[PDB]
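Undergrad: what shape does this take:
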Amino acid sequence: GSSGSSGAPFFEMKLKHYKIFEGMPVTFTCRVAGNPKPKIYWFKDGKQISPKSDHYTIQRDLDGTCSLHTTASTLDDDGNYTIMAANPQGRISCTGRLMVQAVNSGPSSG
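TA: Numbering: from 1, shown residues only. Now the structure:
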């Protein structure tokens, strides 16, 4: 009696890496596996992101394809966006790298 599960979650499309400048929008698409619909959490530079956030936009398809959008990206935004998923059959994790270049200066001289 093999004590193990064969329905654990998995990342079909590992978070791709995109390079853009400051201010330019960004899009992060990824396909998470595992059922039932496992929970999804977005972490940035050791921080928690809200679902109903204005800056960021989290939208998932009927199939369960998470997609993070950003109307405005800044140097700070850069870092490593790690997404951890929870499943009653297994738990997986993954992160990505971003490249933002300063193309504009803030309003206040600094």
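
Undergrad: separation between the residue sitting furthest away from the middle of the chain and residue 7?
TA: Counting by C-alpha atoms, centre = their mean, the extreme residue of the chain relative to its mean C-alpha position is residue 1, 37.7 Å from that point. Applying C-beta to C-beta, to the nearest Å, the value for residue 1 to residue 7 is 17 Å. (C-beta placed from N, C-alpha, C; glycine too.)

Undergrad: now residue 50
TA: The gap separating residue 50 from residue 7 is 30 Å, by C-beta to C-beta.

Undergrad: same deal with residue 32?
TA: Taking C-beta to C-beta, one finds residue 32 at 13 Å from residue 7.

Undergrad: so between these two, which is more surrounded?
TA: residue 32 (23 against 13; other C-beta atoms under 10 Å).

Undergrad: give me the nearest residue to the more buried one, chain neighbours excluded.
TA: Of all residues not flanking residue 32 in the chain, residue 85 sits nearest, at 5.3 Å (C-beta to C-beta, 6 or more residues apart in numbering).

Undergrad: go through the helix or strand containing that neighbour and flag the buried ones.
TA: When elements are assigned from DSSP states H and E, residue 85 belongs to strand 82-86. When neighbours are counted by 16 or more other C-beta atoms under 10 Å, the buried residues of strand 82-86 are found to be 82-83, 85.
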